[PDB]
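Residue numbers (UniProt numbering), protein chains in the order written: chain A, 8 to 94; chain B, 3 to 256; chain C, 3 to 256; chain D, 15 to 267; chain E, 15 to 267. Just so you know, even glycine gets a beta-carbon here, dropped at the ideal spot from N, CA and C. Report on the following structure.
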Amino acid sequence: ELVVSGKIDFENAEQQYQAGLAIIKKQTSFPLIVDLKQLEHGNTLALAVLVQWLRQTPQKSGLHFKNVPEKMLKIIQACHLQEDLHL
Amino acid sequence: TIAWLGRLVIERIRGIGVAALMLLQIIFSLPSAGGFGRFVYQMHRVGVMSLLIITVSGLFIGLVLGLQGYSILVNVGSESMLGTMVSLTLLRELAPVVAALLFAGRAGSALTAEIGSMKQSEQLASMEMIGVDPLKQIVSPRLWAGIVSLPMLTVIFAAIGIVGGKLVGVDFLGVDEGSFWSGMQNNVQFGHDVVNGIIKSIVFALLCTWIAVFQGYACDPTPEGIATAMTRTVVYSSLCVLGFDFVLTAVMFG
Amino acid sequence: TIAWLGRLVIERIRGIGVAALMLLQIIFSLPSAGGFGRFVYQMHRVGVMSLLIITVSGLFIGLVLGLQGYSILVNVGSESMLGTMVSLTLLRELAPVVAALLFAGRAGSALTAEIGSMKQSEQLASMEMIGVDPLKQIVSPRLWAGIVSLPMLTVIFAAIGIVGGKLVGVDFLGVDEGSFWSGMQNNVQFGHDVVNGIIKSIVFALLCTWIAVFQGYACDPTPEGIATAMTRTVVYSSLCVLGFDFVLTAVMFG
Amino acid sequence: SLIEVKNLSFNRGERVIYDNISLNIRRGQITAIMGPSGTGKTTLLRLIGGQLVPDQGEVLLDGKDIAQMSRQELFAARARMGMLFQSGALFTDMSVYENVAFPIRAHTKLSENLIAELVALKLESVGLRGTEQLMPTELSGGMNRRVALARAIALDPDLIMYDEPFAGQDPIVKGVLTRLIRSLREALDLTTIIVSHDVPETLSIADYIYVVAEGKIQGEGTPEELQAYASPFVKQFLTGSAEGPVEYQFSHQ
Amino acid sequence: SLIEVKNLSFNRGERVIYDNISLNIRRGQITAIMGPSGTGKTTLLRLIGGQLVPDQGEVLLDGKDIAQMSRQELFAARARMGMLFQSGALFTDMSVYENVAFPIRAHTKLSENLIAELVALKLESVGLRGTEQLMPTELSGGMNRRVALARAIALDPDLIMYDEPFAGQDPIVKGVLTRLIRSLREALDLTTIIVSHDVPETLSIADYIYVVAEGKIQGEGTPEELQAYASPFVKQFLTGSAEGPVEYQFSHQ
Ligand SMILES: Nc1ncnc2c1ncn2[C@@H]1O[C@H](COP(=O)(O)OP(=O)(O)NP(=O)(O)O)[C@@H](O)[C@H]1O
Ligand SMILES: Nc1ncnc2c1ncn2[C@@H]1O[C@H](COP(=O)(O)OP(=O)(O)NP(=O)(O)O)[C@@H](O)[C@H]1O
């Protein structure tokens with residue numbers, strides 16, 4: 008599987024975002040479950056990046072995330088209690 | 003889209019009707035019910051406190067007219083005109099306008115703010131709850147102190163202006179003094195032109211103070227309202243003075 | 003008792019020192035060109051929103067000058083003098099002063115009130131912690147809108163005043179278009195009857211707006227202070243315009 | 015972040031507001047400051063935040079003296095904190111989108127597309143997903159204040175300061191703000207400071223409390239300790255009791 | 015005396031603030047009104063028989079309709095009321111002595127000697143003896159409220175209205191105002207009305223409470239009874255719970 012990984016910060020946000028889009032452009036086969044365990048914690052823009060990816064393909068195509076850091080979930084659960092919390 | 007303007011025009015005119023009604027209610031000479039010590043006091047803020055500003059302005063206007071008159075008159079070769087023109091300019095057009103605009107102007111703005119503050123603060127509401135009709139305590143002496151004060155300040159303004167005019171026109175610039183005083187008498191008179199200057203100032207005093215009271219008092223208690231009202235009084239006071247100045251001068255000297 | 007005045011004077015003058023320091027910082031360093039693309043927006047509230055007042059006053063002043071000029075000039079040379087006096091008066095003394103004071107009123111109090119609220123609500127202060135220097139983000143485009151706007155308004159005031167003068171002096175009262183227009187050309191020089199009107203306008207635009215910004219950006223965060231600031235910006239820029247007008251006209255035409 | 019405040023002294027003109035205040039803002043904890051009206055509570059936060067010049071005081075961020083920081087260090091440091099001011103401090107000239115988005119432009123250079131997504135996420139976290147593109151001046155009281163908070167947490171700061179959050183009068187709002195503080199405190203691992211009035215609401219939130227009056231610390235402790243060591247000033251203050259060290263003019267003949 | 019308001023309806027700004035309000039103000043008792051902010055609390059008190067004109071309904075004092083019946087009676091009747099409006103008003107141009115003295119001149123014709131003595135007695139009743147010559151603008155906030163109250167009770171009125179006296183303050187002051195109300199309701203045989211957002215204080219003071227929201231009475235009772243009838247609105251309102259008939263704006267997508 009092709010995933011974006013590592014530290015996402017404001018300094019490289021644009022590039023990590025485009026890398027994910029390149030993967031989506033080539034994503035002719037799915038579901039693909041994106042493993043986020045290799046993601047540095049505490050940065051909400053990472054979520055903004057993940058959501059914009061969802062907004063291009065996964066929201067209709069059936070793509071998901073796995074091994075999501077507990078912290079990312081705590082941020083989501085501030086209010087999005089309707090999230091698709093399933094693997 | 004377009005109707006926005008239409009609603010704005012309609013509401014502003016409705017407000018005028020209210021202002022007219024308020025003026026009628028306040029003007030009846032009812033305040034005699036209480037003491038007038040309050041009037042004398044109120045005059046302190048609308049009149050006495052503004053003498054410095056009007057005096058300094060009058061001196062600069064006088065000196066400016068002196069220099070501009072002179073640099074034109076030296077091309078006529080007829081210097082007797084400094085007397086005639088400094089006097090007519092100040093008595094007919096500038097004292098009644100410059101004084102009115104500096105007056106409300108400063109007094110105009112301050113008065114608006116003060117009454118409006120009393121509305122915002124609930125002080126006025128309390129008075130009605132007690133039983134003392136606020137128009138006879140808060141508004142009455144303010145409207146009248148403004149009426150007496152502006153006309154009196156108009157005279158001082160012109161007086162300073164004439165003196166400032168002579169100070170440069172005759173005393174620094176070499177004009178024979180006798181022609182200055184003679185030029186004033188030839189042909190502007192105390193019994194006509196001075197009188198018209200005063201009449202215009204009575205009219206302006208009423209327009210300016212009437213608006214300032216209305217803008218402060220007659221408004222639902224919106225927190226941003228005081229600053230807006232202060233700006234609005236200056237703008238309406240100013241246009242009303244100039245619009246009326248035109249129609250009155252057009253008759254008095256037409 | 004007496005020392006009270008002493009303290010008042012000492013503090014007001016300290017404040018002018020502060021104002022000078024503020025002006026230096028705002029004009030001296032403005033590298034953030036990317037954010038200055040918005041001053042065109044800011045201009046909306048200084049320039050665009052003020053044409054109605056300047057235009058109406060310009061027309062009334064032109065018509066008044068026409069009528070007073072005429073009733074004096076029928077005894078001296080209206081055929082030649084309405085042209086010369088209407089245009090020199092508006093270019094040299096009235097567009098630079100009447101527009102300057104109407105502006106000080108309508109734009110000046112509104113602007114100071116706006117900065118005042120930005121400070122009072124603490125909204126402005128919250129920007130310091132975001133790293134956005136409020137002078138470059140809030141004050142800069144306001145001071146610049148003032149500099150450009152007043153001079154353009156000054157020209158319009160005179161343009162309307164010429165229409166006003168002609169409308170009564172030539173078209174209702176019986177004077178030749180020929181000599182009105184040629185008279186103006188014979189006596190009005192671009193260099194420097196038009197040019198000096200503009201120079202005085204720039205000086206007033208800077209001085210007047212500078213004061214409005216300074217007072218709005220007040221030290222004391224008390225609601226009573228907004229109304230005080232509004233009254234003071236009108237009074238101080240008003241005297242400063244008259245004071246500087248005197249000196250500049252004294253040089254320009256002396 | 016641990017913030018040290020030592021030997022703080024500050025005058026406003028000639029008046030002394032603070033006189034050798036010593037604080038320990040504990041990492042990951044909620045600390046709070048209570049005291050009488052008008053005793054400089056807001057002044058103290060402004061000094062902690064570095065927006066005022068302390069007189070001979072020492073302020074350390076993670077042990078670093080703020081007075082010695084370079085322009086770049088200071089600028090970067092600004093992205094570590096956010097504050098909610100007493101009036102809400104919203105910008106009336108901008109819609110909600112910009113009010114929350116605004117601080118992002120002070121520290122980042124992002125594409126409009128990512129900026130928009132962060133705004134959407136932050137508004138959702140406080141129940142404001144549906145206010146997008148409305149001017150803030152059209153919001154009801156509770157909504158108005160929630161927007162301002164959304165700005166404060168927009169950059170994922172380490173420290174959030176709340177200046178008088180419980181001074182709201184509406185019992186419904188008190189309910190919501192209490193929950194948001196607890197919710198956000200956990201979701202973002204925040205260190206927070208609550209500076210307020212009306213004791214029934216800070217004594218159940220803070221982990222540690224300082225009682226400050228007349229430029230001095232009048233006692234410190236957990237809610238339990240303050241009662242245990244409630245020097246009469248503190249005791250009557252926290253109780254809201256009459257007959258404390260409170261005076262009025264009195265003499266008769 | 016007893017005050018009754020029936021079938022009250024009032025429209026301001028094209029919106030209805032009140033819709034068929036029916037109140038019974040019990041003599042010698044403390045009546046209180048609670049509800050969300052911005053829903054007419056000041057307005058309803060003004061409509062008690064002040065300066066506002068209802069569109070429908072009646073106001074009865076001693077069972078008599080105050081509308082029309084007559085000019086002289088109403089002028090005199092007005093001497094039976096005293097009020098603190100919001101923050102409390104003091105006239106800035108008058109000394110404390112004059113602010114308390116002021117309403118006396120609306121109904122009496124007394125010698126300077128007696129008007130002076132009444133002011134002295136009324137200021138002592140609220141702990142202000144000896145502050146007569148200071149201008150009110152130089153007082154601390156705790157004293158501004160007490161001066162205004164002295165004015166309110168200056169004429170020995172029967173009805174004292176406190177418009178939101180507990181809304182926002184210092185816990186010391188809350189202790190003092192509570193005591194003044196307890197002292198005065200007894201000392202002067204008063205009927206009082208407390209209208210306030212700070213539910214925990216109102217609940218231990220009033221003898222009877224109305225809960226008013228959205229222009230209607232949504233429950234009534236002694237504080238013990240209100241707790242027994244948990245209409246979702248009243249129950250959330252009186253408890254501070256964030257759950258109940260309140261809204262947030264969101265929908266995921
Ligand atoms: N430059 C200045 N000159 C004079 N006064 C100022 C200035 N800047 C701010 N203020 C002061 O700012 C102080 C802020 O603290 P304070 O008065 O205790 O308000 P506060 O903390 O919001 N009160 P509270 O809500 O009870 O906690 C006031 O006492 C003002 O005098
Ligand atoms: N005279 C007026 N005319 C038109 N609108 C007004 C007037 N006065 C105030 N407003 C509005 O009418 C109402 C004033 O009374 P009110 O609702 O009783 O205030 P309140 O509940 O005591 N306010 P608050 O203390 O903040 O909760 C509000 O809805 C205002 O927006």
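C-beta atoms of residue i and residue j nearer than 8 Å
| i | j | result |
| --- | --- | --- |
| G167 (chain C) | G68 (chain C) | yes |
| residue 1 (chain C) | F246 (chain C) | The displayed coordinates of chain C run from 3 to 256. Any statement about residue 1 (chain C) would go beyond what the structure contains. |
| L59 (chain E) | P68 (chain E) | no |
| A101 (chain B) | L155 (chain B) | yes |
| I39 (chain D) | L16 (chain D) | yes |
| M97 (chain E) | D170 (chain E) | no |
| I231 (chain D) | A220 (chain D) | no |
| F247 (chain D) | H211 (chain D) | no |
| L244 (chain B) | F159 (chain C) | no |
| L104 (chain C) | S52 (chain B) | no |
| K121 (chain C) | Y43 (chain C) | no |
| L135 (chain D) | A20 (chain A) | no |
Neighbourhood of residue i by C-beta, 8 Å cutoff - its chain only, sequence neighbours within 5 removed
| i | result |
| --- | --- |
| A242 (chain E) | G235 |
| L252 (chain D) | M48, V213, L217, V225, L240, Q241 and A244 |
| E228 (chain E) | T53 |
Within chain D, the residues that residue i reaches when beta carbons sit closer than 7 Å
| i | result |
| --- | --- |
| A29 (chain A) | Ordered by position in chain D, no residue passes the 7 Å Cβ test against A29 (chain A), which lies about 15 Å from the chain. |
| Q59 (chain A) | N127, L128 and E131 |
Minimum Cβ-Cβ distance from residue i to chain D less than 8 Å
| i | result |
| --- | --- |
| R26 (chain E) | no |
| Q125 (chain C) | yes |
| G77 (chain E) | no |
| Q43 (chain E) | no |
Below-8 Å beta-carbon distance, residue i vs any chain B residue
| i | result |
| --- | --- |
| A120 (chain E) | yes |
| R47 (chain C) | no |
| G49 (chain E) | no |
The beta strand (DSSP E) enclosing residue i, as first and last residue numbers
| i | result |
| --- | --- |
| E72 (chain E) | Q70 to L75 |
| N21 (chain E) | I17 to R26 |
| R14 (chain C) | Per DSSP, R14 (chain C) belongs to no beta strand (DSSP E); it is in the alpha helix (DSSP H), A5 to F30. |
| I39 (chain E) | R29 to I39 |
Other residues of its chain near residue i: CB distance less than 7 Å, five sequence neighbours each side excluded
| i | result |
| --- | --- |
| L25 (chain C) | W212 |
| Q183 (chain D) | none |
| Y72 (chain B) | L84, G171 and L175 |
| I44 (chain D) | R199, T206, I208, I219, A220 and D221 |
| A166 (chain E) | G96, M97, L98 and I174 |
Contact set between residue i and chain D, taken where Cβ atoms lie within less than 8 Å
| i | result |
| --- | --- |
| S128 (chain C) | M97, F99 and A103 |
Host alpha helix (DSSP H) of residue i (start-end)
| i | result |
| --- | --- |
| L98 (chain D) | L98 (chain D) -> not in any alpha helix (DSSP H); beta strand (DSSP E) instead, spanning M95 to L98. |
| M48 (chain D) | Run containing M48 (chain D): none in the alpha helix (DSSP H); it sits in the beta strand (DSSP E), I44 to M48. |
| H93 (chain A) | Segment: none, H93 (chain A) is in no alpha helix (DSSP H) and carries neither H nor E. |
| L145 (chain C) | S142 to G171 |
Chain C within 8 Å of residue i, Cβ atoms only
| i | result |
| --- | --- |
| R92 (chain D) | yes |
Amino acids of chain D, ordered along the chain, whose beta-carbon sits closer than 9 Å to that of residue i
| i | result |
| --- | --- |
| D212 (chain E) | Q183, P185 and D212 |
| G189 (chain E) | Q250, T253, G254, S255, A256, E257, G258 and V260 |
Short CB-CB distance (under 8 Å) between residue i and chain F
| i | result |
| --- | --- |
| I132 (chain B) | Judged by its chain identifiers, the structure shown contains no chain F, and its protein chains are A, B, C, D and E. |
Within chain E, the residues that residue i reaches when beta carbons sit closer than 9 Å
| i | result |
| --- | --- |
| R193 (chain D) | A256 |
Short CB-CB distance (under 8 Å) between residue i and chain E
| i | result |
| --- | --- |
| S245 (chain D) | no |
Chain A residues whose Cβ lies nearer than 8 Å to that of residue i
| i | result |
| --- | --- |
| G141 (chain D) | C86 |
Proximal residues of chain B, C-beta to C-beta of residue i below 9 Å
| i | result |
| --- | --- |
| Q70 (chain C) | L90, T91, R94, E95, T251 and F255 |
Listed by chain order, chain B residues near residue i by CB distance under 8 Å
| i | result |
| --- | --- |
| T233 (chain C) | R108, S111, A112, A115 and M232 |
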